[PDB]
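The structure appears below as structure tokens.
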Amino acid sequence: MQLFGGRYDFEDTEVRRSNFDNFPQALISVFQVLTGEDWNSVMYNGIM
Amino acid sequence: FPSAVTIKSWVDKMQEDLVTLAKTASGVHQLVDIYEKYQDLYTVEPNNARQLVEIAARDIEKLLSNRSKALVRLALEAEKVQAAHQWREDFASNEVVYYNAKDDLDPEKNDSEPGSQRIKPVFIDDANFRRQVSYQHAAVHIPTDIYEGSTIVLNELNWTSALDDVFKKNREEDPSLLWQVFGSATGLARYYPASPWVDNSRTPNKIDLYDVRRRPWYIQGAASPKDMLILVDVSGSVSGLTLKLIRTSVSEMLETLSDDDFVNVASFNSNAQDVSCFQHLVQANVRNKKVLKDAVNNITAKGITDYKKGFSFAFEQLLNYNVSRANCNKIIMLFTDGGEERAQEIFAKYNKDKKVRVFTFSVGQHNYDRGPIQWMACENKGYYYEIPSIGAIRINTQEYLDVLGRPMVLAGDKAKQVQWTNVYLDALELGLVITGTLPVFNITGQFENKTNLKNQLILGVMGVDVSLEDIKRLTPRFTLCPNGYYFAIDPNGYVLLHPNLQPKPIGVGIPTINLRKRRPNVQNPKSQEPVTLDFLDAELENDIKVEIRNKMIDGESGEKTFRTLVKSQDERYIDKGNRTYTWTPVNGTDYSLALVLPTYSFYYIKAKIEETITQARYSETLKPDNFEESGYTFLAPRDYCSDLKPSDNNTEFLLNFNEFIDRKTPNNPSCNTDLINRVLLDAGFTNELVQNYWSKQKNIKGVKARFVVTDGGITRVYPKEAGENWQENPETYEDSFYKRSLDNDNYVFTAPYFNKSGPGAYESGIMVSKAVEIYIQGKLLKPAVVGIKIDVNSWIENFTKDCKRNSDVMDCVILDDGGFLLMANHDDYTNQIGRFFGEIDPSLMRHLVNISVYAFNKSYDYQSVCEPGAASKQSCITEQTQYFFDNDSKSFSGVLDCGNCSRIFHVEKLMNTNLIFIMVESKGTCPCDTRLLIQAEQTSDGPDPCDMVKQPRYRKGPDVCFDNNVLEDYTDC
Ligand SMILES: *[C@@H]1O[C@H](CO)[C@@H](O[C@@H]2O[C@H](CO)[C@@H](O[C@@H]3O[C@H](CO)[C@@H](O)[C@H](O)[C@H]3NC(C)=O)[C@H](O)[C@H]2NC(C)=O)[C@H](O)[C@H]1NC(C)=O
Ligand SMILES: *[C@@H]1O[C@H](CO)[C@@H](O[C@@H]2O[C@H](CO)[C@@H](O[C@@H]3O[C@H](CO)[C@@H](O)[C@H](O)[C@@H]3O)[C@H](O)[C@H]2NC(C)=O)[C@H](O)[C@H]1NC(C)=O
Ligand SMILES: *[C@@H]1O[C@H](CO)[C@@H](O[C@@H]2O[C@H](CO)[C@@H](O[C@@H]3O[C@H](CO)[C@@H](O)[C@H](O)[C@@H]3O)[C@H](O)[C@H]2NC(C)=O)[C@H](O)[C@H]1NC(C)=O
Ligand SMILES: *[C@@H]1O[C@H](CO)[C@@H](O[C@@H]2O[C@H](CO)[C@@H](O)[C@H](O)[C@H]2NC(C)=O)[C@H](O)[C@H]1NC(C)=O
Ligand SMILES: *[C@@H]1O[C@H](CO)[C@@H](O[C@@H]2O[C@H](CO)[C@@H](O)[C@H](O)[C@H]2NC(C)=O)[C@H](O)[C@H]1NC(C)=O
Ligand SMILES: *[C@@H]1O[C@H](CO)[C@@H](O[C@@H]2O[C@H](CO)[C@@H](O)[C@H](O)[C@H]2NC(C)=O)[C@H](O)[C@H]1NC(C)=O
Ligand SMILES: *[C@@H]1O[C@H](CO)[C@@H](O)[C@H](O)[C@H]1NC(C)=O
Ligand SMILES: *[C@@H]1O[C@H](CO)[C@@H](O)[C@H](O)[C@H]1NC(C)=O
Ligand SMILES: *[C@@H]1O[C@H](CO)[C@@H](O)[C@H](O)[C@H]1NC(C)=O
Ligand SMILES: *[C@@H]1O[C@H](CO)[C@@H](O)[C@H](O)[C@H]1NC(C)=O
Ligand SMILES: *[C@@H]1O[C@H](CO)[C@@H](O)[C@H](O)[C@H]1NC(C)=O
Ligand SMILES: *[C@@H]1O[C@H](CO)[C@@H](O)[C@H](O)[C@H]1NC(C)=O
Ligand SMILES: [Ca+2]
């Protein structure tokens with residue numbers, strides 16, 4: 001939340017559900033990365 | 001250097017030779033004599049500039065009243081029929097039968113859409129419609145993204161089927177009716193006669209974007225003028241998708257405004273400010289809207305939201321009253337995502353009486369609270385909208401006109417006044433049209449006042465199109481001089497009628513394209529703006545012209561005679577001539593009609609030929625068989641009658657004219673007798689001139705061609721071999737040299753074009769023409785213009801025989817007014833003949849402009865074809881320059897210096913001619929050059945728009961409009 005919270009302001013219409021905008025969504029994203037499923041997409045979103 | 005007297009002797013000899021050659025070759029005196037020799041085959045009739053304008057205004061008022069009568073009929077029938085609707089929900093059993101536009105015409109399509117049945121029309125070809133139309137029913141247009149077959153749509157098609165009878169009744173009452181359409185509030189458009197849509201849904205690779213709710217006529221007839229202030233949130237939270245969506249939505253809503261609405265865009269992020277250089281409400285025309293769009297598509301999201309400051313700024317700018325305003329509908333458009341403050345105290349301070357509507361828009365997908373903005377919406381008598389994606393922008397940025405129409409509905413029959421739109425291009429490719437509009441109200445349970453919930457909204461807008469060509473038929477011009485014309489004005493400055501008004505859309509700014517971001521299969525939108533050209537932008541603006549325009553905007557009748565600058569038809573020359581402006585208002589409408597009549601045009605020649613044999617001889621003079629005897633003959637493609645039509649091909653048009661006039665008698669049961677009689681009389685006169693005088697000297701040394709151009713539309717070029725070198729319009733009223741010779745009182749030399757394909761420099765020669773002036777009973781008349789084409793080589797031998805061929809010491813050239821080259825001395829400038837002198841000798845031309853031997857002034861062309869730059873053809877603004885003589889003095893002398901040089905020059909003006917003689921030092925003596933002086937259409941972006949808003953042109957908006965009704969419920973958001 002500190003790092004990627006509120007920084008997903010991309011001008012395109014692509015939807016990125018796995019973000020860190022609030023605590024429940026950050027928890028869901030962290031759990032998803034923990035399971036290892038599609039964590040590289042979250043990493044790419046954080047990088048961009 | 002030669003003395004002044006020697007140069008005077010040279011120029012006197014040259015001008016005497018040229019004038020004698022032109023006079024004895026063209027034969028002005030002979031034509032004047034034979035015009036004065038008869039005085040019995042015609043009569044001189046006055047041109048009363050007062051009565052003509054009154055007659056034309058009465059005709060225009062009668063036409064518009066006829067169009068308006070067909071509007072109230074349709075509106076009343078639609079209201080009555082919809083009042084008796086049942087709103088059934090089961091359409092599968094009872095199919096709705098209609099002809100859907102933009103559908104495949106192949107009968108084997110087997111659509112079989114549930115609840116509906118299609119129609120296959122015949123689509124015969126028709127006049128007054130350059131399409132295929134069917135008079136048996138009406139066509140229905142449904143927007144592509146609106147699904148036909150819905151309960152709402154099918155119900156509309158059910159009760160709108162009763163409009164076909166009234167459509168047919170209106171058409172049979174007046175067979176000249178163009179498109180008459182019902183624009184439904186549900187998106188439907190039913191128009192008569194039936195005709196296939198220009199753009200199918202997906203049959204070609206192109207698609208269509210046409211919603212009747214966004215058309216200018218629908219918007220005009222759906223509500224009153226607005227004082228809109230768009231408020232944009234640019235705080236940090238709107239960063240990302242929602243900011244781009246907000247920008248697109250603001251542009252789309254700006255596209256819904258007209259010239260009667262006033263708008264300004266402001267942004268707030270902890271501080272409120274304007275987005276452009278306007279700082280207050282502006283007229284919201286094409287230029288101002290372009291500026292606002294450009295400013296809007298530059299905002300960035302940064303900071304903390306503050307609704308109080310933004311709303312204070314919006315209210316203060318809505319309370320200005322210092323500037324021009326619509327003064328009708330003060331509304332605020334708030335674009336944001338979400339918030340937590342509602343700014344109750346700001347609304348209590350600024351909008352306690354609730355005179356300002358607040359429309360709130362929640363844009364994008366977000367988790368922010370939307371309650372406060374809904375409270376703002378349906379607290380200040382407004383509405384609340386949501387725009388989650390691009391697909392919702394168009395639908396949600398046009399719905400606010402439903403709320404604005406509630407007081408107009410509650411007014412009742414006081415609001416059913418027919419309004420006429422600005423000039424725009426018809427969507428069905430009919431040309432420049434204006435549309436009369438009339439709202440249609442929902443009256444369900446009117447006698448009992450049962451529901452009154454949805455009845456506050458309109459059913460739709462009536463519409464009838466009137467082509468600008470119909471109005472031109474009511475203002476005939478062939479009894480006037482080619483310099484005379486009619487023109488009409490809005491109470492906004494825009495011209496309904498003008499010779500300089502063209503079907504091209506109005507260009508704004510400079511066109512820039514990015515070809516690297518253009519997919520080849522996208523079908524980008526083309527245009528939707530109207531053709532709004534001001535009176536001052538259609539002619540050369542003048543101080544007296546501004547006074548006349550202001551006087552005739554506010555319904556006054558008057559007359560003025562003055563001296564003004566007149567631009568030639570080809571934008572190369574400017575002339576000085578007397579003109580008389582006579583204007584009167586049109587009672588039925590807010591239009592004002594004026595007639596511009598120069599001197600020497602108060603009288604015209606009316607043919608009085610009443611002998612069959614004389615008419616037969618005059619008709620057989622203009623036959624292709626004896627073009628070797630009477631010269632090559634051209635005929636103006638005028639509308640003599642509907643039996644024969646113009647074809648833009650003079651040979652076949654002349655053949656059809658001859659065959660029609662020889663087949664049936666000239667008794668003309670349904671043909672215009674005056675035009676044919678004038679044509680025959682002038683053809684006979686020109687044939688007599690050719691046979692009696694021109695044929696005596698078959699070949700002349702210095703003359704390459706001889707031509708005579710008269711009124712009525714008769715043009716003769718004596719050598720048939722020179723007939724193929726004639727590149728002028730067969731219509732004599734569109735000949736630039738004809739009008740220039742009419743204005744001038746001497747011989748006019750027309751410079752040939754440059755960088756143009758076809759023989760136009762040497763094989764044709766320089767053209768000099770003079771206007772024929774006759775005196776019948778002390779009345780000045782200029783019926784014809786004659787002239788010759790002189791050989792360039794013969795003129796070269798004249799000129800050279802100091803000033804010697806290819807001289808390295810002295811340069812001697814001849815120019816006409818306008819700065820174009822007609823004679824040289826070095827056989828280098830001679831090849832580049834007809835060029836502006838500033839493009840071959842910029843220093844001398846600039847100095848000539850400085851010493852005031854050449855005058856110039858600039859103007860803007862708002863309908864031009866432009867090549868799009870990098871940041872096929874697009875429309876923009878081109879700046880035009882034309883040079884002319886200003887000083888009456890004949891001789892100038894001086895020395896020009898450029899980098900420690902000294903070149904002695906002595907320019908001399910040839911008497912009784914628009915020519916000038918220049919004798920200057922060779923350019924090779926001092927190799928100095930700063931920059932070329934270009935006289936050509938240059939792509940331009942001016943004038944500066946947010947400098948004209950401070951001192952705008954005079955305007956007179958509508959006086960009656962409806963808002964703030966007490967009976968409005970306003971319980972929706
Ligand atoms: C510039 O070119 C001109 C033609 O391109 C030459 O014009 C010719 O000049 C002749 C002598 O001045 C004229 O002869 C005279 O013609 C008139 C009527 O045309 C007669 O009344 C005169 O009697 C006759 N002169 C004599 C001695 O008989 C030619 O008519 C005239 N050409 C035309 C078409 O009018 C100029 O001469 C030439 N400039 C110079 C300096 O030579
Ligand atoms: C909208 O659609 C409805 C349904 O198709 C149309 O109503 C139909 O109107 C016709 C004309 O009156 C009716 O025909 C008549 O029926 C009566 C018996 O009901 C018969 O005695 C008459 O001789 C005549 O045949 C038809 O019944 C009626 N349909 C229904 C279901 O009621 C309506 O006209 C359409 N709207 C418009 C504006 O056309
Ligand atoms: C013009 O105004 C009248 C009333 O002022 C509108 O009539 C109303 O139309 C609505 C639909 O928009 C009807 O509601 C529907 O009723 C059916 C039952 O028949 C129900 O099953 C539907 O779910 C829906 O609720 C309403 O009954 C009807 N009222 C009356 C008195 O007719 C009319 O629609 C307006 N015209 C247009 C073009 O919108
Ligand atoms: C435009 O609005 C301004 C609002 O400030 C007007 O200026 C004020 O006018 C009142 C009336 O006399 C004065 O008492 C104030 O001192 C003025 N303020 C300023 C800052 O000048 C102005 O009169 C209005 N009209 C025009 C044409 O500017
Ligand atoms: C329609 O326009 C014409 C323009 O000529 C008006 O005609 C004149 O209007 C003035 C203005 O009051 C009158 O003093 C004249 O007597 C009118 N002329 C004639 C011959 O009557 C006419 O008044 C306009 N129609 C209406 C209803 O105002
Ligand atoms: C069109 O050209 C005329 C030149 O005749 C311009 O009129 C001159 O304008 C200057 C600058 O104001 C004055 O000093 C001259 O006295 C004017 N001349 C005359 C004869 O009045 C005119 O301004 C030009 N129009 C435009 C729109 O540029
Ligand atoms: C207006 O209508 C009347 C009767 O319908 C007709 O006589 C007249 O010619 C029409 N005028 C125009 C300009 O169409
Ligand atoms: C224009 O009118 C004035 C005043 O009558 C006159 O002196 C002048 O010669 C006229 N100009 C032309 C070209 O007729
Ligand atoms: C235009 O004319 C010039 C003559 O100065 C020539 O050099 C050039 O090729 C021409 N261009 C075109 C497109 O005809
Ligand atoms: C050229 O024009 C400028 C601007 O009017 C003027 O100051 C200057 O004196 C002019 N030069 C000559 C040689 O006329
Ligand atoms: C023509 O020019 C001369 C000198 O260049 C000047 O004295 C005279 O006033 C000018 N004529 C006008 C301005 O009408
Ligand atoms: C004009 O003056 C400059 C600067 O002194 C000099 O370089 C130049 O040569 C001079 N012009 C000529 C033609 O000599
Ligand atoms: Ca915010």
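Lettering and numbering for the structure tokens are positional, with chains as A, B, ... in the shown order, residues counted from 1 in each chain, and ligands counted from 1 in the shown order.
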
Requested in this report: May I ask you to write as a list in words all residues lying at most 9 Å from ligand 11, with only C-alpha atoms and all ligand atoms counted?
Outcome: residues 851, 852, 853, 886, 887, 888, 889, 890, 891, 892 and 893 of chain B

Report task. Enumerate as an MDAnalysis selection string the residues within 8 Å of ligand 5, counting only C-alpha atoms and all ligand atoms. Result -> chainID B and resid 54 58 557 584:587

Please, could you write that set of residues out with N, CA and C atoms as a compact mmCIF listing (two decimals), in the first residue's frame?
# COMPACT_ATOMS: atom_id res chain seq x y z
N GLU B 54 -37.89 44.73 -51.45
CA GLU B 54 -39.18 44.44 -50.81
C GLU B 54 -39.84 43.21 -51.43
N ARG B 58 -40.58 39.77 -49.45
CA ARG B 58 -41.92 39.19 -49.39
C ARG B 58 -41.91 37.75 -49.87
N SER B 557 -34.47 49.47 -41.93
CA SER B 557 -34.39 49.61 -43.37
C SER B 557 -33.72 50.94 -43.71
N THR B 584 -33.75 45.93 -46.19
CA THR B 584 -35.01 45.95 -45.48
C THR B 584 -35.12 44.66 -44.67
N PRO B 585 -35.83 44.69 -43.54
CA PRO B 585 -36.03 43.46 -42.77
C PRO B 585 -37.09 42.57 -43.40
N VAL B 586 -37.08 41.31 -42.98
CA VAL B 586 -38.10 40.33 -43.34
C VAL B 586 -39.03 40.19 -42.14
N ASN B 587 -40.31 40.47 -42.35
CA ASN B 587 -41.24 40.59 -41.23
C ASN B 587 -41.40 39.27 -40.48

Requested in this report: Return as a ChimeraX atom specification the residues of protein, DNA or RNA that approach ligand 1 to within 10 Å, with only C-alpha atoms and all ligand atoms taken into account.
Outcome: /B:10,13-14,16-25,697,699-703,790-801

Resulting file, chosen residues, N, CA and C atoms, as an mmCIF file, in the first residue's frame:
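Output contents, as saved in out_19.cif:
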data_model
loop_
_atom_site.group_PDB
_atom_site.id
_atom_site.type_symbol
_atom_site.label_atom_id
_atom_site.label_comp_id
_atom_site.auth_asym_id
_atom_site.auth_seq_id
_atom_site.Cartn_x
_atom_site.Cartn_y
_atom_site.Cartn_z
ATOM 1 N N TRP B 10 9.269 57.713 -74.009
ATOM 2 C CA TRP B 10 9.186 56.270 -74.239
ATOM 3 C C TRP B 10 7.842 55.708 -73.786
ATOM 4 N N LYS B 13 4.956 56.835 -76.059
ATOM 5 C CA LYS B 13 4.916 56.071 -77.302
ATOM 6 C C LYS B 13 4.357 54.672 -77.066
ATOM 7 N N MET B 14 4.825 54.003 -76.008
ATOM 8 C CA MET B 14 4.369 52.644 -75.733
ATOM 9 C C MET B 14 2.876 52.606 -75.427
ATOM 10 N N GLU B 16 0.571 54.843 -76.242
ATOM 11 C CA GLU B 16 -0.204 55.194 -77.425
ATOM 12 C C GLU B 16 -0.301 54.014 -78.382
ATOM 13 N N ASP B 17 0.808 53.298 -78.594
ATOM 14 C CA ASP B 17 0.769 52.116 -79.451
ATOM 15 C C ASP B 17 -0.183 51.063 -78.894
ATOM 16 N N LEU B 18 -0.090 50.786 -77.591
ATOM 17 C CA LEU B 18 -0.931 49.752 -76.992
ATOM 18 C C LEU B 18 -2.407 50.130 -77.056
ATOM 19 N N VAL B 19 -2.729 51.379 -76.710
ATOM 20 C CA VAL B 19 -4.117 51.821 -76.718
ATOM 21 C C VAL B 19 -4.675 51.812 -78.135
ATOM 22 N N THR B 20 -3.895 52.287 -79.112
ATOM 23 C CA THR B 20 -4.362 52.276 -80.493
ATOM 24 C C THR B 20 -4.598 50.854 -80.981
ATOM 25 N N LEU B 21 -3.678 49.937 -80.668
ATOM 26 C CA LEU B 21 -3.853 48.547 -81.075
ATOM 27 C C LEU B 21 -5.121 47.957 -80.475
ATOM 28 N N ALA B 22 -5.314 48.134 -79.165
ATOM 29 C CA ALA B 22 -6.491 47.568 -78.515
ATOM 30 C C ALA B 22 -7.775 48.178 -79.063
ATOM 31 N N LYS B 23 -7.793 49.500 -79.251
ATOM 32 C CA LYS B 23 -8.997 50.174 -79.724
ATOM 33 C C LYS B 23 -9.351 49.759 -81.148
ATOM 34 N N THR B 24 -8.358 49.667 -82.034
ATOM 35 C CA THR B 24 -8.637 49.335 -83.424
ATOM 36 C C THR B 24 -8.786 47.839 -83.667
ATOM 37 N N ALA B 25 -8.387 46.989 -82.723
ATOM 38 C CA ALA B 25 -8.573 45.553 -82.877
ATOM 39 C C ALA B 25 -9.845 45.054 -82.204
ATOM 40 N N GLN B 697 -10.566 42.409 -91.436
ATOM 41 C CA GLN B 697 -9.139 42.160 -91.236
ATOM 42 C C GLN B 697 -9.000 40.761 -90.638
ATOM 43 N N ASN B 699 -6.409 38.677 -90.509
ATOM 44 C CA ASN B 699 -5.190 38.481 -89.738
ATOM 45 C C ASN B 699 -4.588 39.833 -89.391
ATOM 46 N N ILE B 700 -4.253 40.016 -88.118
ATOM 47 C CA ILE B 700 -3.593 41.219 -87.629
ATOM 48 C C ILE B 700 -2.300 40.799 -86.945
ATOM 49 N N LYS B 701 -1.244 41.590 -87.149
ATOM 50 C CA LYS B 701 0.085 41.213 -86.675
ATOM 51 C C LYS B 701 0.105 41.017 -85.164
ATOM 52 N N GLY B 702 -0.193 42.072 -84.413
ATOM 53 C CA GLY B 702 -0.061 42.030 -82.973
ATOM 54 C C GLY B 702 -1.182 41.363 -82.211
ATOM 55 N N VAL B 703 -2.233 40.908 -82.889
ATOM 56 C CA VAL B 703 -3.411 40.344 -82.241
ATOM 57 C C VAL B 703 -3.436 38.843 -82.484
ATOM 58 N N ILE B 790 -3.039 39.822 -77.208
ATOM 59 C CA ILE B 790 -1.899 40.287 -77.989
ATOM 60 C C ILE B 790 -0.776 39.265 -77.906
ATOM 61 N N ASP B 791 -0.020 39.144 -78.993
ATOM 62 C CA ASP B 791 1.099 38.215 -79.032
ATOM 63 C C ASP B 791 2.230 38.705 -78.138
ATOM 64 N N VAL B 792 2.853 37.769 -77.421
ATOM 65 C CA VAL B 792 3.955 38.131 -76.536
ATOM 66 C C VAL B 792 5.180 38.537 -77.346
ATOM 67 N N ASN B 793 5.461 37.818 -78.435
ATOM 68 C CA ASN B 793 6.630 38.129 -79.253
ATOM 69 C C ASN B 793 6.489 39.487 -79.929
ATOM 70 N N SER B 794 5.297 39.788 -80.449
ATOM 71 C CA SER B 794 5.079 41.095 -81.059
ATOM 72 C C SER B 794 5.308 42.207 -80.046
ATOM 73 N N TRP B 795 4.843 42.004 -78.813
ATOM 74 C CA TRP B 795 5.103 42.971 -77.756
ATOM 75 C C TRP B 795 6.589 43.056 -77.425
ATOM 76 N N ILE B 796 7.324 41.946 -77.533
ATOM 77 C CA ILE B 796 8.761 41.980 -77.260
ATOM 78 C C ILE B 796 9.483 42.833 -78.298
ATOM 79 N N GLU B 797 9.173 42.620 -79.581
ATOM 80 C CA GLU B 797 9.738 43.484 -80.622
ATOM 81 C C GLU B 797 9.311 44.939 -80.450
ATOM 82 N N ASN B 798 8.066 45.182 -80.038
ATOM 83 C CA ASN B 798 7.649 46.547 -79.733
ATOM 84 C C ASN B 798 8.506 47.152 -78.623
ATOM 85 N N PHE B 799 8.737 46.380 -77.562
ATOM 86 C CA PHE B 799 9.374 46.902 -76.358
ATOM 87 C C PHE B 799 10.857 47.169 -76.584
ATOM 88 N N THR B 800 11.563 46.218 -77.198
ATOM 89 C CA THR B 800 13.008 46.367 -77.350
ATOM 90 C C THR B 800 13.355 47.385 -78.430
ATOM 91 N N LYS B 801 12.584 47.424 -79.511
ATOM 92 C CA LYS B 801 12.848 48.363 -80.600
ATOM 93 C C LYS B 801 12.437 49.776 -80.202
#

Requested in this report: Could you please select, counting only C-alpha atoms, the residues of chain A within 7 Å of chain B and state them as an MDAnalysis selection string?
Outcome: chainID A and resid 9:13

Query raised in the report: Which residues form the shell of 10 Å around ligand 4 when you count only C-alpha atoms and all ligand atoms, given as number ranges by chain?
Result: B: 319-323

Query raised in the report: Which residues, written as a ChimeraX atom specification, have at least one atom at most 12 Å from stretch 931-936 of chain B, with only C-alpha atoms counted and residues fewer than 2 positions away on the same chain left out?
Result: /B:570-573,754,818-820,835-849,856-861,878-883,928-929,938-940

Query - Expected selection as JSON, numbers by chain for ligand 13 within 12 Å, only C-alpha atoms and all ligand atoms - result: {"A": [6], "B": [232, 233, 234, 235, 236, 237, 238, 239, 242, 243, 268, 269, 270, 301, 302, 303, 304, 305, 306, 307, 335, 336, 337, 338, 339, 340, 341, 362, 366, 367, 368, 369, 370]}

**Report entry** Secondary structure check, strand (DSSP E or B) residues of stretch 191-384 of chain B, as a ChimeraX atom specification
**Finding:** /B:191-192,194,227-233,262-268,272-274,282,330-336,357-363,383-384

Query raised in the report: From the set B:688, B:173, B:897, B:629, which residue has the shortest atom-to-atom contact distance to ligand 12, counting only C-alpha atoms and all ligand atoms?
Result: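 Checking each of B:688, B:173, B:897, B:629 against ligand 12, counting only C-alpha atoms and all ligand atoms, the winner is B:897.
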
Query - Residue neighbourhood residue A:18, 7 Å, only C-alpha atoms, exclusion window fewer than 5 positions, as a list in words - result: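 Close residues of residue A:18: residues 25, 29 and 42 of chain A.
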
Output C-alpha atoms for every residue in the selection just made, as a tab-separated table (two decimals), in the first residue's frame.
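The resulting selection_19.tsv:
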chain	number	residue	atom	x	y	z
A	25	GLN	CA	-7.29	-5.24	-2.08
A	29	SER	CA	-2.95	-9.06	-4.04
A	42	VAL	CA	1.32	-7.81	-10.59

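Here the question is which of B:136, B:156, B:315, B:110 gets nearest to ligand 2 using only C-alpha atoms and all ligand atoms, and that residue is B:156.
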
Query - Contacts to ligand 2 at 6 Å cut-off (only C-alpha atoms and all ligand atoms) as a PyMOL selection string - result: chain B and resi 94+158-162

Pull N, CA and C atoms from the residues just selected and write them as a compact mmCIF listing (two decimals), in the first residue's frame.
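This is the output file part32.txt:
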# COMPACT_ATOMS: atom_id res chain seq x y z
N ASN B 94 -48.36 -9.00 -33.11
CA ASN B 94 -48.70 -7.88 -33.99
C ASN B 94 -47.39 -7.21 -34.40
N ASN B 158 -44.73 2.22 -33.57
CA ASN B 158 -46.15 1.91 -33.66
C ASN B 158 -46.98 3.17 -33.84
N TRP B 159 -46.74 4.19 -33.02
CA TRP B 159 -47.55 5.40 -33.09
C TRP B 159 -47.00 6.44 -34.06
N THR B 160 -45.73 6.33 -34.47
CA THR B 160 -45.21 7.27 -35.46
C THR B 160 -45.60 6.90 -36.88
N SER B 161 -46.25 5.75 -37.09
CA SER B 161 -46.70 5.36 -38.42
C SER B 161 -47.83 6.25 -38.93
N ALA B 162 -48.45 7.05 -38.07
CA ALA B 162 -49.52 7.94 -38.49
C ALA B 162 -49.01 9.24 -39.10

Report task. Enumerate, as a PyMOL selection string, the complete set of residues in stretch 265-421 of chain B that a backbone-based DSSP assignment places in alpha helix (DSSP H). Result -> chain B and resi 286-296+307-318+344-350+371-377+393-396+400-404+406-411

Query raised in the report: To one decimal place, how far is atom CA of residue B:129 from atom CA of residue B:588 in Å?
Result: 27.1 Å

Requested in this report: Figure out the distance between atom CA of residue B:465 and atom CA of residue B:863, please, to one decimal in Å.
Outcome: 23.1 Å
